[PDB]
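So the chains spell out like this:
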Amino acid sequence: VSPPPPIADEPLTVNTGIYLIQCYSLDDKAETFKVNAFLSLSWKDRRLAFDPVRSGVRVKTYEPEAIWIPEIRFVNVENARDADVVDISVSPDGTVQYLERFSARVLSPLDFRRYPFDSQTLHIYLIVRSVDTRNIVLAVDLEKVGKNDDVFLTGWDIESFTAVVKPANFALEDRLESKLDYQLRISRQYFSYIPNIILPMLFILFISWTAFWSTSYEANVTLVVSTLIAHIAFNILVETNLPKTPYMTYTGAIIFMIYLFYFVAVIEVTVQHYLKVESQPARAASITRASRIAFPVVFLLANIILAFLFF
Amino acid sequence: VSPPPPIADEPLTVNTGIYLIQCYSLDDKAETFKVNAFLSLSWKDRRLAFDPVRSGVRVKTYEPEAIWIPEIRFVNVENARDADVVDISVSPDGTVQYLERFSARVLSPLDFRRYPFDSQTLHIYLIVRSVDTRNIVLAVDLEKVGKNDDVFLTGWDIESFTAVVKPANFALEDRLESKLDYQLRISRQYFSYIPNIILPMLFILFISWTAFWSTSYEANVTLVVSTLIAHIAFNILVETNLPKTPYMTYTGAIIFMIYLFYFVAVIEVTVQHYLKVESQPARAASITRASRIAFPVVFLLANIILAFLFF
Amino acid sequence: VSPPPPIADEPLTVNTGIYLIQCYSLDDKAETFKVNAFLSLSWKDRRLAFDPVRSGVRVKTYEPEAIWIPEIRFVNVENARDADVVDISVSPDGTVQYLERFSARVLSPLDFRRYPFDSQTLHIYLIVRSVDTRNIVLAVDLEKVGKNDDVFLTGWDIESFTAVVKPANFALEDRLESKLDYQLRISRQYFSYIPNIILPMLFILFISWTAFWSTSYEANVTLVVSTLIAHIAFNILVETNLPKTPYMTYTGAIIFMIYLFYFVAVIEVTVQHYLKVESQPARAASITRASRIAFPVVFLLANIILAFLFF
Amino acid sequence: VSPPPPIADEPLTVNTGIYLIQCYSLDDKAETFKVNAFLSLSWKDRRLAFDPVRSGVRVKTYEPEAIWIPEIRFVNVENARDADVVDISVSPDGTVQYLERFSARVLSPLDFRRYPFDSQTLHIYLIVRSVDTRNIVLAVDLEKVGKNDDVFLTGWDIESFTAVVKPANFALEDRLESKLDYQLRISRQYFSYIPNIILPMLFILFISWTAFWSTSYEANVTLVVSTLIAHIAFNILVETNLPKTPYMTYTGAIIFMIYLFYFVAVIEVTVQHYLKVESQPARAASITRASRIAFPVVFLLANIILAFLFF
Amino acid sequence: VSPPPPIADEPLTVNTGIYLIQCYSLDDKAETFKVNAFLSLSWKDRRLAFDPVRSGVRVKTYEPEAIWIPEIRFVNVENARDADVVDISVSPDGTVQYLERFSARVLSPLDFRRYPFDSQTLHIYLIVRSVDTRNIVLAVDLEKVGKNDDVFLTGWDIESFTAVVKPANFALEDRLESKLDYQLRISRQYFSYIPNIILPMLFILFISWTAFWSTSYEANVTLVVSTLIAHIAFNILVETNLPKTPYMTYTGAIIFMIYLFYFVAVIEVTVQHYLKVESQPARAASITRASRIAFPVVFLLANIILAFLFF
Ligand SMILES: [Cl-]
Ligand SMILES: [Cl-]
Ligand SMILES: [Cl-]
Ligand SMILES: [Cl-]
Ligand SMILES: [Cl-]
Ligand SMILES: [Cl-]
Ligand SMILES: [Cl-]
Ligand code: NA
Ligand code: NA
Ligand code: NA
Ligand code: NA
Ligand code: NA
Ligand code: NA
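Residues numbered from 1 in each chain as written, not as in the entry; some residues may be left out. Chains lettered and ligands numbered in written order. Heavy atoms only, no water.

Looking at the method and resolution fields of the entry, one finds X-ray crystallography and 3.15 Å.

As recorded by the PDB entry, chain A carries the name Proton-gated ion channel and is attributed to Gloeobacter violaceus. Check the Subcellular location section of the UniProt entry for chain A; it says "Cell inner membrane". Here is the UniProt Sequence similarities comment for chain A, exactly as written: "Belongs to the ligand-gated ion channel (TC 1.A.9) family." (UniProt positions renumbered as here; feature names shortened; annotations may be inferred.)

Asker: It is not clear to me how the relation of the copies chain D and chain C should be interpreted in this structure. Could you clarify?
Answerer: The relation between the two copies of this chain is a rotation about an axis and a shift parallel to it. With an RMSD of 0.2 Å, the operation that places chain D on chain C is a rotation of 71° combined with a shift of 0.1 Å along the axis. These values place the two chain copies in the arrangement generated by a five-fold rotation axis. (Least-squares fit on C-alpha atoms.)

Asker: What is the right way to read the packing of aromatic side chains from this model?
Answerer: Two measures describe an aromatic ring pair: the distance that separates the ring centres and the angle between the ring planes. Counted according to the given criterion, the structure contains 100 aromatic pairs over all chains. Taking the centre distance of 4.9 Å and the plane angle of 40° together, the rings of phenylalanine 74 of chain A and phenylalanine 102 of chain A count as tilted. Here the residue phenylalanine 74 of chain A occupies a position in strand β4 (residues 72–74), and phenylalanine 102 of chain A occupies one in strand β6 (residues 95–107), the gap between them amounting to 28 residues. For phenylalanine 74 of chain A, a relative accessible area of 3% translates into the label buried. With relative accessibility at 2%, the residue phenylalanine 102 of chain A sits in the buried group. Ring geometry for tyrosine 115 of chain B and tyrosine 193 of chain B: centres 5.4 Å apart, planes at 80°, overall edge-to-face. Taken together, the residues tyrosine 115 of chain B in the loop between β6 (95–107) and β7 (119–129) and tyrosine 193 of chain B in helix α2 (residues 193–208) connect sequence positions 78 residues apart. With respect to burial, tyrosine 115 of chain B and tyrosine 193 of chain B carry one shared label: buried. Cluster of aromatic residues (ring-pair linked, three or more members): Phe206, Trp209, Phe212, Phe261, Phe295 and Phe299 of chain A. (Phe/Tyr/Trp six-rings, centres within 6.5 Å; stacked < 30°, edge-to-face > 60°. Helix = DSSP H or I, 4+ residues; strand = E, 2+ residues; numbered from the N terminus. Buried < 20%, exposed > 50% of the residue type's maximum accessible area, 1.4 Å probe, protein only.)

Asker: Is there a simple way to explain the relation of the copies chain B and chain A in this structure?
Answerer: Relative to chain A, chain B is turned by 72° and slid 0.0 Å along the rotation axis, the superposed coordinates differing by an RMSD of 0.0 Å. The residues that chain B uses at the interface reappear at the interface of chain A in only 2% of cases, marking distinct surfaces. (Contact = heavy atoms within 4.5 Å.)

Asker: Hey, could you run me through the sheet that holds strand β10 (residues 156–172) of chain A in this one?
Answerer: Neighbouring strands of a sheet are bound in pairs by backbone hydrogen bonds; such pairs are parallel or else antiparallel. All names here are of chain A. The sheet built from 4 strands is open, its strands ordered β4-β7-β11-β10 with antiparallel pairing. Two strands close off the open sheet at either side, each with one partner strand: β4 and β10. Recorded for the sheet is a direction-independent mean angle of 20° between the axes of neighbouring strands. Two strands pair when backbone bridges link them, and β10 and strand β11 (residues 175–188) are joined in this way by 13 bridges, in the antiparallel orientation. The residue of β11 that forms the bridge with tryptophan 156 is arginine 188. (Pairing = 2+ DSSP bridges. Axes fitted to C-alpha atoms, helices over the stretch in contact; angles between N-to-C directions.)

Take a look at the structure:
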């Protein structure tokens, strides 16, 4: 079967629509998400047109094999979509109304700069390759674009699901291609990060600073070194839930900066001890007393600077 | 093949039934479960009706290809169900009796607020899309809804398997849809959590409190800091077996609260030492003596408050 | 194609046999095992019968499509078995001899009460659903039930592979079902658990007890607390290799009990120190001296009691 | 299609050959490896024979469906091989030349006794089941057995790929079976184990022995206990990369033995301290001085004994 | 269908082209990458040639089944590529223009010697096996070789995608094979390794060196032993993200060398203490004072030597 012939030299407009049934498995490391949705296609094939009076029927239902159906593919899927045709309905004027239910693992890049307070725009790219007979152009029927109410993405808030109505028409392998951008805007549920990572990480840091109220070198070494190891554990836990970015993430920046606080705390703990042994505890006392104010102030200001830079 | 024609302007009622053969793999993080069950469908196709006297047979057996079968799909499955038709039996009045055996990975949300003492309602949503010829409505044949005795879900107690008999009829893409709710009520087997997480977590906390019966700052620092690290390990162990919730879980609340106990224990240990060095051990003794009663009392009351809030 | 017609009102007896080719991947957490075996089926279809003299051939080979084959399914498989028909041989009395090679992930529950010294009975349930024409009953041809010599299950000893010859005939959805039980008896290779978990776990415990020969509170705190953390690591390592049971496992019981030994050791270490500071080292000496005998004796007796209760 | 008829009462000899294209994913825990290779089959079917003069062609190319092809299966694959027929060429005498390209996950047991200095013999078992018409026997055409130069197995050295030319002919289910053994000899690349596990493990042990040059019980307790925990971490790291063997592995033996060294070091550290408190430091000095020589000597001799026993 | 017949004794030239649509999942441990691309094939079949005047059409579109298509396979894929034919267009002279969209998991070895500052050349090997009728030779149509702009490989920089235009023609199983090399040059995004592994690893090492400004053996033991354990954790974290190489990697070399620094620091800490107890603190002071300069200088020079050797 060949494509529908043109009235003039116009291209064939295939009206599209994606209706999300299920949404799930957003893999941060892999930068992928799984989707289960309705795909709707509609185009005019004058060859399939009929008189409702003569035929008796108001619409004709065809099996996929029987008629010409445009080869609609997804640009950013890992493997070809697992589709099952729901219905094909031809109107008297030849307006075909195709509907399929698909499932696919979509590969869409993620921006982790403000993690875990980040928001993302997941993409679904519909594409059609023009045939030698005639050029095929994609369109968005906004009435067939949407999502089910029940849809939820674990640990994410689904903001919107819209389509960029004007297609990206370009040449590839000397043939026209019509690309459509379906955008699923989501924003991370940062809540859990606060009692699981942020607050425990701050508690261990504050525990390290109790060495500014101790003259016992042995106790201080234990305090600063132990807490530093707990901070390593938190850093490792965090980097496992994320991919390797060629940029600094918000949480990444905080965690890294905290290493410098542990480093300088060790230096202070060392200096205080050296001076005490050197029989200069008056100078050591001045340094320790200052550190009690310096460490939280410099920590608080550095964090304001980071939050400012990142948001 | 087209759908059965109506007697009047009535919709076609497809009677359904799910009989669970096997149940397994409830993924808490992914909020999914795998099912292996019987699907039964029954509708009246007057076109397939026959006289038992003339034909000789009491029922006629057809191959799926031969007759019209309603396109029944599952709303919340990840990928299309892996089904194999067991039997299709037509009665003389045209009452078709379809049976298939399926397996699917069902996506049903879980409520972790009372974890690990939580109970869940897993869902299986049957759906049918109405055709242009006529509207299709789902029904529950309670005689064909059930589960095998042997069925067990690892680490869960299967309470019930029922169906919400009245379907959720709605419009989607200008077409009628009939949705049915099959509910599998389950409740978690919290036993193992007690000797593996809860009791070990309490033991390390109680060990930290022995610093209230020690004047040795160095020993106290070791006691409170070490146990705190074991508590971090338990927190990390727990959060790996669970997804990121935008709410606090029962175990999550307990674990978080325990961090504050370690923090205040460090403050006490620090205060006691500062005072001792300051040549005020009488004041330090008062604080330590109070802490011996204060720490378990405030812990016990805080837990009563939490259990009350959560249950 | 319809089933073979009966001579009298007898049911159709389908003789079965499973011959294990490969055995592997027993998942303790998932309570599943993968199998790769021969499936043999044999039934009498009088309609396929022929004259050897007239036809020339002694047996006729048919393609699965050509003749009626009973719908034999496995009850406890996750997804439908991946089968490939090896041969179908019809004798001229109409005795069909079907053989297929399959592979499946079988879901069979495991009893961890005596882990790692446990033994299991893995099951393979053959099932047939009776048709409206006539009832189908399963049988075991003991000559076609067995396993290859090479077969081995990693970390397990394969004891036997037998079939419960009398089928479980019952009604389900107003139709007769014939269920057969193929049992693969296995017993765990507990060897590795001794030098990897049991002995290292005992060594750290015995190390903690050296605090009964030390008056240094600071050293004792280090000894008991450190070893307790190593015991947490061993407990966590063990629980990862196992599913959450609503009962206590043998290793689980030992590990849990050991926590109480660490708890009481801390109490002793604390008591001894308090008394020493209180200028009562004579009483502290009595307690420490007793503990040296009490701790191993109570440990040894408690273990005898556990081993007795568990075996 | 039936098998080729025999000239006399001889069996049909199917000449085989495996040419490895790609080799990869040797899973030590699962005892499996993935293969991507050429399968070649050649047998004489006199029914397909032709005169080159009359026909014009020197060889005839057939589609798999058109002619009889022997049912060649792999014994030790997990699931049936993913094969794609490359070519089928019939010579004038009826000598069929079949070639397919396959990929399979082969299950072959591994001997970890000398790990990580072990060598293995991976197996690929070709099998054919004889038909009721005539018996089928496998043969090795050594000219069609080999491997690509590029082939490499990550972390392994590929020694050889040969076939045991004489098949294992036996009865199974009253039918003849011809089994062939394709052996892929490999030897582990033990290099990485030296700077990652062996040397770090020895360093921590030697660090523990510095307690023989210290009279500080508190420091010694820290030295021996800390290093012992690092040794636990190494033992756990090792056992994760390996399956549970009912025998001792070389690395397993070394690691286990090292636990005894830590145990005895604790005993020494304890004894030395007890004696010092008991105001007998002369006796404690003798024990400590001996331990300085005893510990490395006994360690070195024990290792010679192990290496001897294992190799 | 047989291959196109030759004009003279020339081989059939199949012009190829790969256009990368999506690139992803480069597994360092498995040494694999997933690809989603366009495959284009073009050859001359004179049998399909036609007069544009007589036929009316300028090009003819065929279904894969209808005409002869060369059996093009990938050498280094794990399993056979998942391909879907996009278009087949025949020109009047018989120049066939085939296009398919594929997805495959390509196995290409990686060189980790300069990790994480390494660069790689991923390969895609196109291969064709010559038929008995005539020899088939591959060619590169440079106009149909490329990649989409959007293409990105997570944690990698895509440098180029070119093809080695002259094929590797060789004999295999007495038949000609034409192999083509498609090279995807990539270079690692080493950024993240600096704040996550390199700098934290240096910080803990520098913390260990504060023991050169402390006379407290107990504090020094804590400093050097604790930091050494954090270094073990970093070594383990690194080796999990990498496969077992029979060579030293850059990061591997640094990490290994750092163990020697911890070992010698322990020796210094031990020596200093022994001398102090031996009432020789003047000699111990000389050693400690030297170590303060020696340790960073020898560390810095050793690193220059390593960087030099590795780059
Ligand atoms: Cl697609
Ligand atoms: Cl479905
Ligand atoms: Cl509505
Ligand atoms: Cl409607
Ligand atoms: Cl099955
Ligand atoms: Cl096979
Ligand atoms: Cl391929
Ligand atoms: Na079509
Ligand atoms: Na149908
Ligand atoms: Na059949
Ligand atoms: Na065939
Ligand atoms: Na310490
Ligand atoms: Na073809």
